[PDB]
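Only one structure is covered here, and it is reproduced in the block below.
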Number of protein chains: 2
Amino acid sequence: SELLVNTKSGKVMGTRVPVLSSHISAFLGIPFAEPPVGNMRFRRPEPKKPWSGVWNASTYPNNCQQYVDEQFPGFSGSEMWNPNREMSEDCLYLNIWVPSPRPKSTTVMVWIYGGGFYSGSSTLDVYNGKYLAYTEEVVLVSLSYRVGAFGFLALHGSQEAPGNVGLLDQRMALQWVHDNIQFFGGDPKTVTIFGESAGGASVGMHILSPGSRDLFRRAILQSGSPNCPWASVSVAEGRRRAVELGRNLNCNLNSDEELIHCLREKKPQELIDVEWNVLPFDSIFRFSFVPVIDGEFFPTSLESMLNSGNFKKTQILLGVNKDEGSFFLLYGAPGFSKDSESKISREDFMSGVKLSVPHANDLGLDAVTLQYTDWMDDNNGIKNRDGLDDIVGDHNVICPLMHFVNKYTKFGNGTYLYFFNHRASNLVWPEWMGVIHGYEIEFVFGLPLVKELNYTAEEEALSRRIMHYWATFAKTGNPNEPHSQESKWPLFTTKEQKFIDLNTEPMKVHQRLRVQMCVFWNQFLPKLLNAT
Amino acid sequence: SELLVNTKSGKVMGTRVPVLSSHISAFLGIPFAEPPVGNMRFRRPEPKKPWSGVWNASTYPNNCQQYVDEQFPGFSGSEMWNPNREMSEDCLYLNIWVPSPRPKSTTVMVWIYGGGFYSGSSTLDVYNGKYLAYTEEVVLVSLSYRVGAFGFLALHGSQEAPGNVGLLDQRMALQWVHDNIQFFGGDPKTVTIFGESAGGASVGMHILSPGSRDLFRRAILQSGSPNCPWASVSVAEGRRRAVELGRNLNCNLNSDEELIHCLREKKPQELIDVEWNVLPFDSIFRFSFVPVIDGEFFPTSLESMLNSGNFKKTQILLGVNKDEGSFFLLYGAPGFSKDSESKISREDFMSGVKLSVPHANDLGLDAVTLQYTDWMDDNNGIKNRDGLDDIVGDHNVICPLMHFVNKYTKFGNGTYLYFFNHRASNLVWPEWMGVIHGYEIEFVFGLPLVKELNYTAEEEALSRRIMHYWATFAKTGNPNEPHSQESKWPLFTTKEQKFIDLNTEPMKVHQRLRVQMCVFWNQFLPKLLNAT
Ligand SMILES: C[N+](C)(C)CCCCCCCCCC[N+](C)(C)C
Ligand SMILES: C[N+](C)(C)CCCCCCCCCC[N+](C)(C)C
Ligand SMILES: *[C@@H]1O[C@H](CO)[C@@H](O)[C@H](O)[C@H]1NC(C)=O
Ligand SMILES: *[C@@H]1O[C@H](CO)[C@@H](O)[C@H](O)[C@H]1NC(C)=O
Ligand SMILES: *[C@H]1O[C@H](CO)[C@@H](O)[C@H](O)[C@H]1NC(C)=O
Ligand SMILES: *[C@H]1O[C@H](CO)[C@@H](O)[C@H](O)[C@H]1NC(C)=O
């Protein structure tokens, strides 16, 4: 049977699913870890105990326990990112889409979802891998990992809650793929991991971490970077936050064992209820429980690893969207609302800056303001709004990624950089939000090939073009077809710094992605803050 | 006799001079002070002792002792600014051009030359007031003042060399005009003082100084401002420089009397030979002996006087040229030469910045570099050259003037601001220098009406238009004709900040003269340097 596959963990039974007037095989909800429940909450993941008989893999698994965005109840723009299955701590499962007939040894792509390390699901409509698997003839895997305190509570020194367990969940899924994907027709030595936002930072993190490097061949990072300022905290700061979480839940605080024991007695929703109360500052684009620079998973500071070339040397493909910031301003910054065009006064602009750069002393805030203010017309609400949008996107996504790109490319074996700047015609969010954080994913996963979802023909053409770049890159380390002629995506070098736009217009080539502003964020501002 | 005028100081005899196929009267070399020679070197000026008989005022006087630019021997571009008469310490004279027939009580304009407070002459071809006097029916006076150590050696506490004596020379000329100009047909209560660069700063300084305010009605400042960073030093710094001058000349240094006595025995050229050796830094646009913030001439810091409105409240007209910096880069900055287009490498750009902002710590230099560098194309020698040009012009001229303008306008009775951006067609300096420091003066003085000097018809039209603005403003406090219609020069307000271009093209109106960069120089950079 094509739907029956025998793995090292045991037999699994998939389901035949339809896709674009054809069919392929899907193996959903396959366990790769012991349910991290009870005394195992906050601990490292254990490998799943092998099972006898047949594991039913015909339906999606539960999603990991997490904060649920109810800011816009009944609004598909926001609700499409929420869990679409029951939440449970028993959530460590993966999903596999396999072409029909089953291939022998083909390219594997493993998706790692984002969601600020506080949310995310493998099971979203928009992450359904069937279109990519069918169209590009790849084995598409999506994994899950613990989020929030469950995945990232960090009390360094303890073995009961060491930190980074969410990242170890990802590694365990990758280990399981490396060990078993061959039985699904996948080629375990041609695995490309890829993810968006926190997923893209995670990808970067496995590139850095010695314990993960051998479990994949190459990587794609979308709108996310391991060095992002939101994506990791110090041991001291992880500790402070964990202790503060216990303080919110009336826990005994005079030792780790006491603290952790108390946190384990709590129901999951109690932890989620107070999760946001531990942030050190009034801020946007900052999440409570994130990876920790622990000296184990990351042997040293991210920056020194990058300078010394202490990382996996392979091919990467990465990029960003035009308007990464707009989501976080709508949710947090004063003046912004979903149903107005959110023209921002000078007052709200100043408030926005402070929220965007929470560490900054006054001089730093002045430096940012000066850099993003048109003083010929500083009461223009459109320019204030768009300028804040740029501040948030540059500081948190684009400029960290450009620093990663520039550092990686010195030691790596091939970089390809993109700038995605097409706003989907059927987007339900307002116009001011522009090309929004997260809305290249639907193009990457082929949703525009589905007519019912009401994309334009030009958007179908762009989605196919992107899927082919991603998959071809996964296969070969190069997004370009060996023989073809519709503009080659040129290699990114230190010297020339070429990248491409990804939109419906005929593809042009550019250089030095937001270099002016990123020199500000990567060179000047940190030196200003260091000297004051 | 029309050429014989009886003054409070005594009778003077002028000469009939030709101008544009007509004639007017000229009274050249009229003394207004005792020759400040011998024991009077460095002292305050004394009023000229009245004389009997007739003083011959038919030829220009001697020029004050000064450094002579021999950087381009035989080059008219530079030599037109050099002394054209014998140099002598006996140099305190003024010149008056009077319409024919002599008027009864008409508008007076008093010219104060520039030259970094280290050079200048009342007698240059380009400062000949006959064209302005004839064309606009004004009495045109040009005064002289001591420069260099002679005019500005400052040992605060001593009465033998208190500082600011060059400025007191200017005041004494103004006193003499206030007392005597009526006998030349001038109206002493409608006197407009005007000057360029150091002359324009001087104008500003008499506006500030209580002892000068009553001696004129209104003011015009061209490319110069009292608050310019080059135009004044502290008491401590004046003292240091004076002592260092004596150290260069082998003087006894253990007291002021000893020091001053020694400096007085020296021939004038000995002082000039070492004058440049006392600058505290490697720098451009900085001059050794300048006005001092002494608590007498300026009762407090310039900035506090400006904030508190401690200044003469009248009408002013002021402005700047597009490329104020280019002179000082040619003379001092590496990479720049007169006979090449002076494309500047990244190395020379960094060297240039440091010379332009000599106080700055490393972070300040970084801030300036970032502000004036196109990082999409940072090896472009044209942009590096032009960017340095802008740095020097903004820091030293435009942005100080805009700070003066904004402060003055809160308490004043009328401001009119111009941006002069026409490059004269017959300029002998290279193209890269643009619209050069000092080259609006020839338009202000009407030289383009002389056909032999080879200006275009369009340049004659511009010169007449400028002379009429200047003179009309001098008469009324408004450059605009009560009834006319060829675009009114609008008033500068705090709110709207309107100014006009001065060029051959049809006059358009703008706002917020270089606000982006001047916010950098006036608000941000000083706050950065203060906090580091
Ligand atoms: C402290 N609380 C409870 C108030 C606010 C937490 C919820 C705000 C989410 C912040 C991230 C903004 C982006 C959200 N998106 C992309 C997920 C919809
Ligand atoms: C230290 N020394 C003897 C070497 C150099 C002093 C002479 C350089 C003059 C500096 C001002 C530049 C502008 C000169 N202009 C406008 C007057 C021609
Ligand atoms: C990648 O590695 C191969 C083989 O080791 C080498 O020949 C090639 O130059 C490399 N390519 C890039 C773009 O670094
Ligand atoms: C100048 O002063 C006059 C009379 O004192 C006053 O009426 C007028 O408003 C003032 N004009 C400006 C432009 O300040
Ligand atoms: C799982 O597969 C079984 C066959 O063993 C099937 O009957 C069932 O419908 C599937 N699970 C469901 C519906 O939850
Ligand atoms: C000054 O005027 C006298 C008349 O007293 C005249 O002879 C002489 O030419 C003038 N001065 C000169 C030429 O230096």
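Numbers here mean position along the shown chain, with the first residue as 1.
Keep in mind that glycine also has a Cβ here, set from the backbone N, Cα and C atoms.
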A:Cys91: disulphide-linked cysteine among A:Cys64, A:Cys228 [source: Swiss-Prot]: A:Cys64
Under 8 Å by Cβ from A:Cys91 (disulfide bond), same chain, sequence gap 6 or more: A:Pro61, A:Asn62, A:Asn63, A:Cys64, A:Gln65, A:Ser144, A:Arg146
A:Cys399 (disulfide bond), number of other Cβ atoms within 10 Å: 26
Cβ under 6 Å from ligand 5: qualifying recorded positions of A:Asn56, A:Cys262, A:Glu324, A:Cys518, A:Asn530: A:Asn56
From active-site residues A:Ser197, A:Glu324, A:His437, the one whose Cα lies nearest A:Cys262 (disulfide bond): A:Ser197
Winner by Cβ contact number (other Cβ atoms within 10 Å) across the recorded positions A:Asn56, A:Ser197, A:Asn530: A:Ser197
Pairwise CA distance, A:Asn413 (N-linked glycosylation site) versus A:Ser197 (active site, acyl-ester intermediate), rounded so that it is a whole Å: 23
Same-chain residues at least 6 apart in sequence whose Cβ lies under 8 Å from A:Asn454 (N-linked glycosylation site): A:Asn426
Count of other CB atoms lying within 10 Å of the CB belonging to A:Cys518 (disulfide bond): 21
Disulfide-bonded residues compared (A:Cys64, A:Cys251, A:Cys262) - highest count of Cβ atoms within 10 Å: A:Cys64
